[PDB]
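Participant: PDB entry and its sequence, pasted below:
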Amino acid sequence: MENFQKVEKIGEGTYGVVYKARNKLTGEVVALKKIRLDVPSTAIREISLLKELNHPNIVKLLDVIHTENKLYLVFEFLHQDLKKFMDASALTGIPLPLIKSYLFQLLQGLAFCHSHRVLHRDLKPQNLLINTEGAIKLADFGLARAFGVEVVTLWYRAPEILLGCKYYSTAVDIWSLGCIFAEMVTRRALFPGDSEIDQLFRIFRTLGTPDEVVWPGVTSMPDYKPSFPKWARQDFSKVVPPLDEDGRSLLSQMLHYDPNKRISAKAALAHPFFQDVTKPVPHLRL
Ligand SMILES: COc1ccc(-c2nc3c(NCCCNC(=O)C4(CN)CC4)c(Br)cnc3[nH]2)cc1
């Protein structure tokens, strides 16, 4: 951290803070994650795995600096996040061709991770980073399985996590991404819950309370209660107007209760919704 020159704070999580920084040596402008340890060797070997997980839609981990018994992560810097971009686009909304490019690119990023059995676990607009070339990238990626388990947002949590499933799958990333998709389209968060039960109950209201019919094995989940209220499902035409039939078809399959019926990243990339996919460049004000 002697080689770096903190420019401004650009982010924060549970494991540390992130600074835009300039490499005193090399002129390089980077995003530097200062990991707050209180060292663990298992955590080190895990992070070093992430140096190999390289993809155009994953924020590039440049270096891992383990020194003075502190850990720093040096990433590629991107000039904006999707939250700020969505906020800046909220009067007219993000154009659908741009929505579709970003969904396809993130689905490409996830197909890759997931093919390597790596899950993200916390996809949200603030973890999606955009550049001036029309690229979108997954950030803060696999840095949860490392050390183990600010108000953390629950809005993009898959239902199996909220129901206490301890061994959840890559399908939790598709759910989160589905929620992000919906939010880009409608310009409102799909499931803005302010606690786990409020989050779960907001999902139940929209998609219906899950049962053995739509989700075999659900009544046997750790935090499942026979006493959960029994809401009927609403139509998707009400949930994401004015998303077209292809978009709403894909979204429904990304929001299946059953994690084994939920569409994979690979299958989603073949969905008719991306027949006409392009790569627009956004208009970014930095
Ligand atoms: C609001 O305008 C913004 C401008 C730039 C960023 C920005 N943030 C980052 C960032 N990290 C902060 C955002 C992603 N979140 C995290 O990395 C956390 C929190 N989940 C710290 C682990 C990384 Br890495 C690379 N380029 C970045 N660019 C964010 C917002």
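Facilitator: Arrived safely, thanks for sending. Residues are numbered from 1 along each chain as shown.

Participant: Correct me if wrong: residue 116 contacts residue 50.
Facilitator: No: using Cβ atoms under 8 Å as the test, residue 116 is too far from residue 50 to be in contact (10.5 Å). From N, CA and C alone the C-beta is placed, and that goes for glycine too.

Participant: And the chain, split by domain according to the record?
Facilitator: 1-79, 80-284 (curated CATH domains).

Participant: what about residue 116 and residue 50, which has more around it?
Facilitator: Of the pair residue 116 and residue 50, residue 50 is the one with more neighbours under other Cβ atoms under 10 Å, namely 18 against 12.

Participant: Tally up the residues packed near the closest residue to the more buried one other than its chain neighbours, please.
Facilitator: Take residue 50 and drop its neighbours on the chain: the residue closest to it by Cβ to Cβ, 6 or more residues apart in numbering is residue 142, 5.1 Å away. Residue 142: 20 surrounding residues under other Cβ under 10 Å.

Participant: what about residue 142, distance to residue 47?
Facilitator: Residue 142 is 8 Å from residue 47, where distance means Cβ to Cβ, to the nearest Å.

Participant: related to what we said a few turns ago, relative to the ligand, which of the domains of the chain is closest?
Facilitator: If you check each of the domains of the chain against the ligand by Cβ to the nearest ligand atom, domain 1-79 wins as the nearest, at 2.7 Å.

Participant: check whether that closest one contacts the ligand.
Facilitator: Yes: using Cβ under 6 Å from any ligand atom, domain 1-79 reaches the ligand at 10-13, 18, 31, 33, 59, 75, 77-79.

Participant: So which of the domains of the chain has the densest surroundings on average?
Facilitator: For these, the largest average neighbour count (mean count of other Cβ atoms under 10 Å) is found in domain 80-284, namely a mean of 17.

Participant: Checking that domain against the ligand, do any of its residues make contact.
Facilitator: Yes: with Cβ under 6 Å from any ligand atom as the criterion, the ligand is reached by domain 80-284 at 80-81, 84, 127, 129, 139-140.

Participant: May I see the residues you listed arranged in CSV, with secondary structure as well?
Facilitator: As requested, those are exported to CSV (DSSP: H, G, I helix; E, B strand; the rest coil):
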residue, secondary structure
80, strand
81, strand
84, helix
127, helix
129, strand
139, coil
140, coil
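
Participant: nearest to residue 181, of the residues you listed?
Facilitator: Checking the residues of domain 80-284 next to the ligand against residue 181 with Cβ to Cβ, the nearest one is residue 127 at 14.7 Å.

Participant: hang on, that closest one packs against residue 142?
Facilitator: No: using Cβ under 8 Å, residue 127 makes no contact with residue 142, being 11.7 Å away.

Participant: what is in contact with these two at once?
Facilitator: residue 120 (Cβ atoms under 8 Å, 6 or more residues apart in numbering).

Participant: Can you tell me the SS state at residue 73?
Facilitator: Per three-state DSSP, residue 73 ends up strand.

Participant: In contact with it, which residues?
Facilitator: 32-33, 35, 47, 61, 63-65, 143.

Participant: ok, residue 158 touching residue 172?
Facilitator: Yes: Residue 158 lies in contact with residue 172 (Cβ under 8 Å); the separation is 3.9 Å.

Participant: so what sits against both of those two?
Facilitator: In terms of Cβ under 8 Å, 6+ apart, residue 158 and residue 172 are both contacted by the residues residue 259.

Participant: Report the contact partners of the residue nearest to residue 50.
Facilitator: Applying Cβ under 8 Å, 6+ apart to residue 142 gives the contacts 46, 49-50, 53, 113, 118-120.

Participant: Just to check, residue 161 is in contact with residue 169?
Facilitator: No: in this structure, residue 161 is not within contact of residue 169 by Cβ under 8 Å, at 10.4 Å.

Participant: so what's the residue positioned nearest the centre of the chain closest to, chain neighbours aside?
Facilitator: For the chain, the residue nearest the mean C-alpha position is residue 123 (1.3 Å; Cα atoms, centre = their mean). With Cβ to Cβ, 6+ apart as the criterion, residue 123 has its nearest non-adjacent residue at 3.7 Å, and that residue is residue 176.

Participant: so which strand or helix has that neighbour?
Facilitator: Applying DSSP states H and E as the criterion places residue 176 in helix 171-186.

Participant: tell me what that helix is packed against?
Facilitator: The contact analysis (3 or more Cβ pairs under 8 Å, 6 or more residues apart in numbering; DSSP states H and E) places helix 171-186 against helix 82-88, helix 96-115, helix 159-162, helix 245-254, helix 265-269.
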